[PDB]
């Protein structure tokens, strides 16, 4: 259905790392102006690397969304270093706040709530704060703690007058995404959601990131998505999830868009998006 597919693909977003600025310039011509492009907060980059990438996103006509990784920050002064530097070069209106992967925080922020609820985002004029969602749960956090954190972060942003959205962990199956969308809307969370999708990539790369991010690969999912090490193709794209979601999304799911992780490369990911949309007639 072209209508349901166009709604899902409306205002789709991208993630880049600070190492991807040249690839972004090579892909920019394929990217709709104003596209939201997030910037990871992971080891191997300094603040100026991250700010440079955010500034390039804006200059190319897109909207940067810097990630803030709470457990990777020492103190408020450390976080302000990054926010000050961002604010001087970009229209700092959108951030995405996560706890961060280390099992031990480096500083005063134990999780995304600690950062969000400190007030620092309002002080810098942030209007939109994204938070995480895990349709398949999390290897180190209970479903209960995941749900309470979502509630508490939403309540904190509501208290502060800052809009929120959710971007989900990528997955290889539409069923847990559809069931989790029901659960969170049943729990009162009605804000916009972006379903994370792994871009087209080699099966080895997909299994690698999936293992490193704790994303499940059951036997039935390996068969349906096409993630066998015996594959004759050797690569896989997210069309099986998209084609399973598109007929089944309805009004009760609220606003539901897509977020692509370009694990196979940014140019390759955007080519796939353009070609997929063309094949489907949207």
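Numbering follows the first chain given and starts at 1.
Visitor: Between 5 to 13 and 254 to 262, which has the larger average Cα B-factor in the PDB entry?
Guide: Comparing 5 to 13 with 254 to 262, the higher average CA B-factor belongs to 5 to 13.
Visitor: Of 234 to 242 and 64 to 72, which one has the bigger average CA B-factor?
Guide: Comparing 64 to 72 with 234 to 242, the higher mean C-alpha B-factor belongs to 234 to 242.
Visitor: Specify which of 117, 152, 190, 136 carries the largest Cα B factor in the deposited PDB entry.
Guide: Among 117, 152, 190, 136, the highest C-alpha B-factor in the entry belongs to 190.
Visitor: Can you tell me which of 165, 169, 156, 186 has the maximum CA B-factor listed in the PDB entry?
Guide: Max CA B-factor in the entry, restricted to 165, 169, 156, 186: 186.
Visitor: Looking at the entry's B-factor column for C-alpha atoms only, identify whether residue 124 ranks in the lowest, middle or highest third of its chain.
Guide: As the PDB entry reports it, the C-alpha B-factor of residue 124 lands in the middle third of its chain.
Visitor: Relative to the other modelled residues in the chain, which third contains the C-alpha temperature factor of residue 84: lowest, middle or highest?
Guide: It falls in the middle third of the chain.
Visitor: According to the PDB entry, is the CA B factor of residue 53 in the bottom, middle or top third of its chain, that is, lowest, middle or highest?
Guide: Within its chain, residue 53 is a lowest-third residue by C-alpha B-factor, going by the deposited values.
Visitor: Quick one: classify residue 182 as lowest, middle or highest third of the chain based on its Cα B-factor.
Guide: For residue 182, whose C-alpha B-factor we compare with every modelled residue in the chain, the answer is the highest third.
Visitor: Considering only modelled residues of the same chain, in which third does the CA B-factor of residue 105 rank: lowest, middle or highest?
Guide: According to the entry, residue 105 has a C-alpha B-factor in the chain's highest third.
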